[PDB]
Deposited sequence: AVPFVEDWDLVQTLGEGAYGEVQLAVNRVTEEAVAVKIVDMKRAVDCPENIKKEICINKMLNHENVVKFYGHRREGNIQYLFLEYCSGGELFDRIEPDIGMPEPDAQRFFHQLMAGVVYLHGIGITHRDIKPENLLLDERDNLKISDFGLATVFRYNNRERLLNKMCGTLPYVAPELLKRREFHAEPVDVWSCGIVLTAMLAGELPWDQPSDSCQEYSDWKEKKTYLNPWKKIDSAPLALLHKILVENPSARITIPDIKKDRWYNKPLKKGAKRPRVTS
């Protein structure tokens, strides 16, 4: 079939471009640019809540990564500042985010930069984890390796990343998911970074939930956040236990 390999770049998405097939009109996201690792990690991924990797091509110096186009855009743009979004929508997005993270952790991959800007929505508002540029392998041949590199985005990073030389990968992604849930339910981030010098972080450790953002959050999701945003990563709730949480399993409908 002639021209089936030709793609028209119609507009910028983030460099990320929306590309449309000349023959079929299929839409795909093209990333134009560590790259070897990023491509290799993407080649391992196959899950409904993880952005699909179609393939890659290298034309001289520029690297073109062909990825799934998510027409709903970023989860970031569904969060109304200072408000958040309806609690049933946040729960559904959080369920899909847990499915994606369970999948990644199950094949030994940590994302290391979970935030609403990297969580995309397809045409049916299904959540897709995206951007594996900071991702890495934390389990290989069933042996866990402890991480030490400073990766992520400060308002979403776990406190152990700033306090400890080495740390387990999985509780770090759990923590960032808890900050994402806080943002979805309150439309604001609780602190600039999780440090004792940060007054908002100290207030949370002192259980001052009469303050913002916590006062905007219902007691059932707030009880889950109390279990996720736990400073000690060895005491922090694990994903199997998040799936048994009361709010996680509460039937919700707008």
Stretches with no C-alpha atoms in the model, relative to the deposited sequence starting at 1: 1, 16-20, 40-49, 271-279
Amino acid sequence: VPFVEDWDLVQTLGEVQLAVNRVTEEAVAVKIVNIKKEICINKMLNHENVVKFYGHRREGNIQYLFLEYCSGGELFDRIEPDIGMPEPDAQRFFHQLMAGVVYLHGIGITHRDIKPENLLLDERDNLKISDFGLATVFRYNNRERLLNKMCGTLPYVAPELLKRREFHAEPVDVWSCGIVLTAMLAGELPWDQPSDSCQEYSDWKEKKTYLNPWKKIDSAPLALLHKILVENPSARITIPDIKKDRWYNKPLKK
From here on, numbers count along this sequence of modelled residues.
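We call the rigid core whatever largest set of C-alpha positions still superposes within 1.5 Å between the two forms.
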Divergent stretch in 5 other deposited structures of this protein, 197-205 or 56-64 [C-alpha RMS, superposed by the core]: 56-64
Of 71-79 and 164-172, the stretch whose C-alpha atoms average the higher B-factor in the entry: 71-79
Comparing 54-62 with 183-191, the one whose average Cα B-factor in the PDB entry is higher: 54-62
Residue selected from 217, 223, 39, 229 by maximal Cα B factor: 39
Chain third (lowest, middle, highest) by recorded CA B-factor, residue given as residue 12: highest
Third of the chain's Cα B-factor distribution that residue 239 belongs to, per the entry: lowest
Lowest, middle or highest third - CA B-factor, residue 112: lowest
Third of chain Cα B-factors occupied by residue 92: lowest
Record-listed C-alpha B factor of residue 128: chain third: middle
